[PDB]
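Chemist: Just so it is clear, I am handing over final_32.csv, which has CSV, C-alpha atoms and all ligand atoms.
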```csv
chain,number,residue,atom,x,y,z
A,1,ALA,CA,30.5,-4.4,11.0
A,2,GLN,CA,27.1,-2.8,10.3
A,3,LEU,CA,23.8,-4.6,11.1
A,4,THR,CA,22.1,-5.7,7.9
A,5,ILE,CA,18.9,-7.4,6.8
A,6,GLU,CA,18.9,-9.7,3.7
A,7,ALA,CA,15.5,-10.6,2.3
A,8,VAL,CA,15.6,-14.0,0.7
A,9,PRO,CA,14.0,-13.7,-1.9
A,10,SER,CA,13.4,-9.9,-2.2
A,11,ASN,CA,10.5,-10.6,-4.5
A,12,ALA,CA,8.3,-13.5,-3.6
A,13,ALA,CA,5.3,-15.1,-5.1
A,14,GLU,CA,2.0,-15.5,-3.2
A,15,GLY,CA,1.9,-18.5,-0.9
A,16,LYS,CA,5.7,-18.9,-0.8
A,17,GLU,CA,8.2,-18.3,2.0
A,18,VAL,CA,10.4,-15.3,2.8
A,19,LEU,CA,13.4,-15.2,5.1
A,20,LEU,CA,14.6,-12.0,6.6
A,21,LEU,CA,18.2,-12.9,7.4
A,22,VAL,CA,20.1,-10.8,10.0
A,23,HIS,CA,23.8,-10.2,9.6
A,24,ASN,CA,26.4,-8.6,12.0
A,25,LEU,CA,24.7,-8.9,15.3
A,26,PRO,CA,26.7,-7.6,18.3
A,27,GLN,CA,28.0,-10.1,20.6
A,28,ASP,CA,25.9,-10.5,23.7
A,29,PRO,CA,22.6,-8.9,22.8
A,30,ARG,CA,19.8,-9.1,25.2
A,31,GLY,CA,17.1,-9.6,22.7
A,32,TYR,CA,15.3,-8.6,19.5
A,33,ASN,CA,12.1,-7.3,18.2
A,34,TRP,CA,10.6,-7.1,14.7
A,35,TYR,CA,8.2,-4.4,13.6
A,36,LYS,CA,6.1,-3.8,10.5
A,37,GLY,CA,7.3,-0.5,9.0
A,38,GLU,CA,10.3,1.7,9.4
A,39,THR,CA,10.5,2.4,13.1
A,40,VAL,CA,10.2,1.0,16.6
A,41,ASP,CA,6.4,1.3,17.2
A,42,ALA,CA,4.8,-0.8,19.9
A,43,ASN,CA,1.5,-1.1,18.1
A,44,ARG,CA,3.3,-2.6,15.0
A,45,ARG,CA,5.5,-5.0,16.9
A,46,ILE,CA,5.3,-8.5,15.2
A,47,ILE,CA,7.4,-10.7,17.5
A,48,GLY,CA,10.5,-10.6,19.7
A,49,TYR,CA,12.9,-12.9,21.5
A,50,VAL,CA,14.4,-12.4,25.0
A,51,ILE,CA,17.7,-14.3,25.2
A,52,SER,CA,18.1,-14.6,28.9
A,53,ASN,CA,15.1,-17.0,29.1
A,54,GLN,CA,14.6,-17.8,25.5
A,55,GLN,CA,11.1,-16.3,25.6
A,56,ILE,CA,9.4,-15.6,22.4
A,57,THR,CA,7.2,-12.4,22.6
A,58,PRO,CA,4.4,-12.3,20.0
A,59,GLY,CA,3.2,-8.7,19.5
A,60,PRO,CA,0.0,-7.0,18.3
A,61,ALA,CA,1.1,-7.6,14.6
A,62,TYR,CA,1.9,-11.3,15.2
A,63,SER,CA,0.8,-13.9,12.6
A,64,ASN,CA,1.2,-17.6,13.1
A,65,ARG,CA,2.9,-17.5,9.7
A,66,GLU,CA,6.0,-16.2,11.4
A,67,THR,CA,8.8,-17.8,13.3
A,68,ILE,CA,11.7,-15.9,14.9
A,69,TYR,CA,15.1,-17.6,15.1
A,70,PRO,CA,17.8,-17.3,17.8
A,71,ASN,CA,20.1,-15.3,15.5
A,72,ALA,CA,17.2,-12.7,15.1
A,73,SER,CA,16.2,-13.9,11.6
A,74,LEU,CA,12.5,-14.0,10.7
A,75,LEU,CA,10.8,-16.8,8.6
A,76,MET,CA,7.5,-15.8,7.1
A,77,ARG,CA,5.3,-18.6,5.6
A,78,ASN,CA,2.5,-18.3,3.1
A,79,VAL,CA,3.2,-14.7,2.1
A,80,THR,CA,0.5,-12.4,0.6
A,81,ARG,CA,0.6,-9.2,-1.3
A,82,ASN,CA,-0.3,-7.3,1.9
A,83,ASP,CA,3.1,-8.5,3.4
A,84,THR,CA,4.8,-6.2,0.9
A,85,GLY,CA,6.7,-3.4,2.7
A,86,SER,CA,9.3,-2.5,5.2
A,87,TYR,CA,10.3,-4.5,8.3
A,88,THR,CA,12.4,-3.1,11.1
A,89,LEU,CA,14.6,-5.1,13.5
A,90,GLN,CA,15.5,-3.7,16.9
A,91,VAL,CA,18.5,-5.3,18.6
A,92,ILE,CA,18.7,-4.6,22.4
A,93,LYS,CA,22.4,-4.4,23.2
A,94,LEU,CA,24.1,-5.6,26.4
A,95,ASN,CA,24.0,-2.0,27.8
A,96,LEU,CA,20.3,-1.7,27.1
A,97,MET,CA,20.7,0.7,24.2
A,98,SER,CA,18.8,-0.3,21.0
A,99,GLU,CA,20.0,-0.3,17.4
A,100,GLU,CA,17.7,-0.6,14.4
A,101,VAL,CA,17.9,-1.7,10.8
A,102,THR,CA,15.1,-1.7,8.2
A,103,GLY,CA,14.7,-4.0,5.3
A,104,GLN,CA,12.0,-4.7,2.7
A,105,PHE,CA,10.5,-7.2,0.4
A,106,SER,CA,7.7,-7.5,-2.1
A,107,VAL,CA,5.1,-10.1,-2.9
A,108,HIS,CA,3.3,-10.4,-6.3
B,201,CL,CL,5.1,-0.6,5.5
B,202,CL,CL,15.9,-5.4,2.4
```
For the structure just supplied, provide its representation as structure tokens.
Ligand SMILES: [Cl-]
Ligand SMILES: [Cl-]
Modeler:
Amino acid sequence: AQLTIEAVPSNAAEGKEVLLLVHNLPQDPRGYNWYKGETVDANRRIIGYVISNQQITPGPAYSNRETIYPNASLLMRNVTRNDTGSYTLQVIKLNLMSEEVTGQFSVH
């Protein structure tokens, strides 16, 4: 029932790929946004997706290493030590309320 993030892997080597898999989405969300860190913070928004017109919304923290998938999951290519940390997903629900979940991974 509860929204979760699963980092695959949770500890990556430099130059490799990390997946942030999203589980237990509501039905009928309006969209998603990813943020670096622990909270919704516009200045740290990486990328989002607006479902109604399948619009990808790169944010101030966007890197061309990242791709967002329709199920909200995030693929990050060519990871570096600086990518280590927390990542927060905002799901915008049908009724325009937002729910958040925070995950993390490390790069060595
Ligand atoms: Cl962080
Ligand atoms: Cl995590």
Chemist: Under the rule that only C-alpha atoms and all ligand atoms are counted, which of A:9, A:26, A:48, A:70 is the nearest residue to ligand CL 202 (chain B)?
Modeler: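 Checking each of A:9, A:26, A:48, A:70 against ligand CL 202 (chain B), counting only C-alpha atoms and all ligand atoms, the winner is A:9.
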Chemist: How would you write, as a list in words, the set of residues no farther than 12 Å from ligand CL 202 (chain B) when counting only C-alpha atoms and all ligand atoms?
Modeler: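 Every residue with an atom at most 12 Å from ligand CL 202 (chain B) is listed here: residues 3, 4, 5, 6, 7, 8, 9, 10, 11, 18, 19, 20, 21, 22, 23, 37, 38, 84, 85, 86, 87, 88, 89, 101, 102, 103, 104, 105 and 106 of chain A.
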Chemist: Hey, which of A:93, A:30, A:81, A:36 ends up closest to ligand CL 201 (chain B)? Count all atoms listed in the file.
Modeler: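 Among A:93, A:30, A:81, A:36, it is A:36 that comes nearest to ligand CL 201 (chain B).
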Chemist: Between A:79, A:72, A:50, A:40, which one has atoms that come closest to residue 94 in chain A, using all atoms listed in the file?
Modeler: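 Between A:79, A:72, A:50, A:40, the residue approaching residue 94 in chain A most closely is A:50.
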Chemist: Within 10 Å of residue 16 in chain A, counting only C-alpha atoms, which residues show up once you throw out same-chain ones fewer than 4 positions away? Write them as a count of residues only, please.
Modeler: 8
Chemist: Given the choices A:64, A:71, A:39, A:52, which gets closest to ligand CL 201 (chain B) if the distance is worked out from all atoms listed in the file?
Modeler: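 Among the listed residues, A:39 lies closest to ligand CL 201 (chain B).
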Chemist: Between CA of residue 28 in chain A and CA of residue 53 in chain A, what is the distance, to one decimal in Å?
Modeler: 13.7 Å
Chemist: In Å to one decimal, how far is CA of residue 90 in chain A from CA of residue 54 in chain A?
Modeler: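 Those two atoms sit 16.5 Å apart.
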Chemist: So how many Å separate CA of residue 56 in chain A and CA of residue 96 in chain A, to one decimal?
Modeler: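 Answer for the CA of residue 56 in chain A to CA of residue 96 in chain A separation: 18.3 Å.
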Chemist: Counting all atoms listed in the file, which of A:95, A:67, A:82, A:27 gets nearest to ligand CL 201 (chain B)?
Modeler: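 Going through A:95, A:67, A:82, A:27 one by one, the smallest distance to ligand CL 201 (chain B) is for A:82.
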Chemist: What's around residue 58 in chain A at 7 Å? Count only C-alpha atoms, leave out sequence neighbours fewer than 4 positions away in its own chain, and write the answer as a list in words.
Modeler: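 Near residue 58 in chain A, the qualifying residues are residues 46, 47, 48 and 62 of chain A.
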Chemist: For each of A:44, A:17, A:60, A:91, take the minimum atom-to-atom distance to ligand CL 201 (chain B), counting only C-alpha atoms and all ligand atoms, then give the residue where this is smallest.
Modeler: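 Of all the options, A:44 lies closest to ligand CL 201 (chain B).
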Chemist: At a cut-off of 8 Å, using only C-alpha atoms, what residues contact residue 43 in chain A? Leave out same-chain residues fewer than 2 positions from it and give the result as a PyMOL selection string.
Modeler: chain A and resi 41+45+59-61
